[PDB]
Every structure is written in C-alpha cells, then in structure tokens.
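What follows is calculated from the coordinates using simple rules that are stated; it is not laboratory data. Cβ atoms come from the backbone with ideal geometry, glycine included; neighbour counts cover every protein chain shown.
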Amino acid sequence: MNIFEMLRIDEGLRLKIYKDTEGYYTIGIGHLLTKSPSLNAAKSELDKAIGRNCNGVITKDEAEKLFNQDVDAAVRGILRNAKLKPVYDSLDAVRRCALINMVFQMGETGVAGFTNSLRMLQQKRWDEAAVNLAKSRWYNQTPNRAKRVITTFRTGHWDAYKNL
C-alpha cells in the first residue's frame, strides 16, 4: 500500500462535480474546487484547473492528473512548514503517510493547529497521541476515515486499510 492507494480509499473517485462531506464543490479524488455556493463558481474553477471546457465533467485521466498535483503539493507543503517538517522528519514511512492524508484533507494550516498531538507524535507516544487526535471536530465529523488514520499512527502498519 502507498499514499496514492490509501487516499484513493479515503476519498473515492467521482467524475462529476459533487459536494464534500462539508457541502463543498469537489471533483475527482477529493479535489476541492471552491468553498462558494455556486455551481457556477465551481464550474469555472474546474475549467481553469483542467484547461478546457469541461461542463462539470472530467475523464479518469484528468482526475488522476489533479490527484498527482494534490499529493505533490501536500508533501511540499509539509516540507515548507515549520511546524510540520520536524514531525514528518521524525516519523517512519508508514506514519508519514498518515500525516500526508491529514494535510490533504484539512490543509497545512488545519493540521498545524493540532499542536498537542504533533508534540506527542514527535515523542513517539503513539497511544497518547491517538487518544488526543480523536478529541477533534475532524474525528466527530468523519469518524470512519479519522479512525483509519489514527490506527495508522497508532500501529505504524496498514491494517486499517486491509479491510478496505
């Protein structure tokens, strides 16, 4: 299993504009288009993102292209981030994937606010951090996904994703 396979389990694949768990306009593999309520604003972002007139619909091909960009940006964002970089550097390959997943879903900023859990992950206090991460909006709002990510940080193995 790798980062792409993991995220593709968590996000799914949709070739038509759709709404987030959050009500936001999205397409592909969890690619947020806009946080604006108009489908029209979303369509416009889409065409800007793909470089064509899409009419709200894209190919598999275009979906994966966006996904490659997104994962790349998530990693680079972690690397540029003063709060994120040190934790990332400290982790093993599998747990690194768990942090990338959180960044992809919630953005740099969002994850950088989990101060206390970050501190625990750096210290390698796996069970404590798993308990702390669960005390969040994130977990309450998307509990099955949060729990998969949390198991990953807890164990350092891919079991939460074997099932799936």
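Of the residues in the range 73-88, none is buried (at least 19 other Cβ atoms within 10 Å of the Cβ) and among the charged types (D, E, K, R). Anything in the range 81-99 that is in a helix (DSSP H, G or I) and not acidic (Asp, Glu)? List them, or say none. Of everything in the range 81-99, those that are in a helix (DSSP H, G or I) and not acidic (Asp, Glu) turn out to be 85, 86, 87, 88, 90, 93, 94, 95, 96, 97, 98, 99. Would it be correct to say that residue 71 is out of contact with any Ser or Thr (no Cβ under 9 Å at 6 or more places or on another chain) and within 28 Å of residue 163 (Cα to Cα)? Considered against the rule, which asks whether it is out of contact with any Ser or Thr (no Cβ under 9 Å at 6 or more places or on another chain) and within 28 Å of residue 163 (Cα to Cα), residue 71 comes out as yes. Among the residues of the range 151-164, the one identified as among the hydrophobic types (A, V, I, L, M, F, W, C), in a helix (DSSP H, G or I) and touching a residue at least 40 places away in the same chain (Cβ under 8 Å) is 153.
Those helices (runs of 4 or more DSSP H) of the range 1-80 in which at least 2 residues are in contact (Cβ under 8 Å) with a residue 40 or more places away in the chain, considering only elements entirely within it, cover 3-11, 60-80. Checking each residue in the range 100-143 for being assigned to a helix (DSSP H, G or I) and either of a type in the set (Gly, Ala, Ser) or touching a residue at least 40 places away in the same chain (Cβ under 8 Å) (or both) picks out 100, 101, 102, 104, 105, 107, 110, 112, 117, 129, 130, 141.
Every residue, every condition in (1) surrounded by fewer than 17 Cβ atoms within 10 Å (Cβ to Cβ); (2) among the small types (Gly, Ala, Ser); (3) more than 13 Å from the chain's Cα centre (by Cα), yes or no:
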site: 62; (1), (2), (3): no, no, yes
site: 66; (1), (2), (3): no, no, yes
site: 99; (1), (2), (3): no, no, no
site: 103; (1), (2), (3): no, no, no
site: 111; (1), (2), (3): no, no, no
site: 116; (1), (2), (3): yes, no, yes
site: 127; (1), (2), (3): yes, no, yes
site: 137; (1), (2), (3): yes, no, yes
site: 155; (1), (2), (3): yes, no, yes
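If only residues of the range 10-46 that are in contact with a strand residue (DSSP E or B) (Cβ under 8 Å, 6 or more places away or on another chain) and polar (S, T, N, Q) are counted, the one that is surrounded by the fewest Cβ atoms within 10 Å (Cβ to Cβ) is 36.
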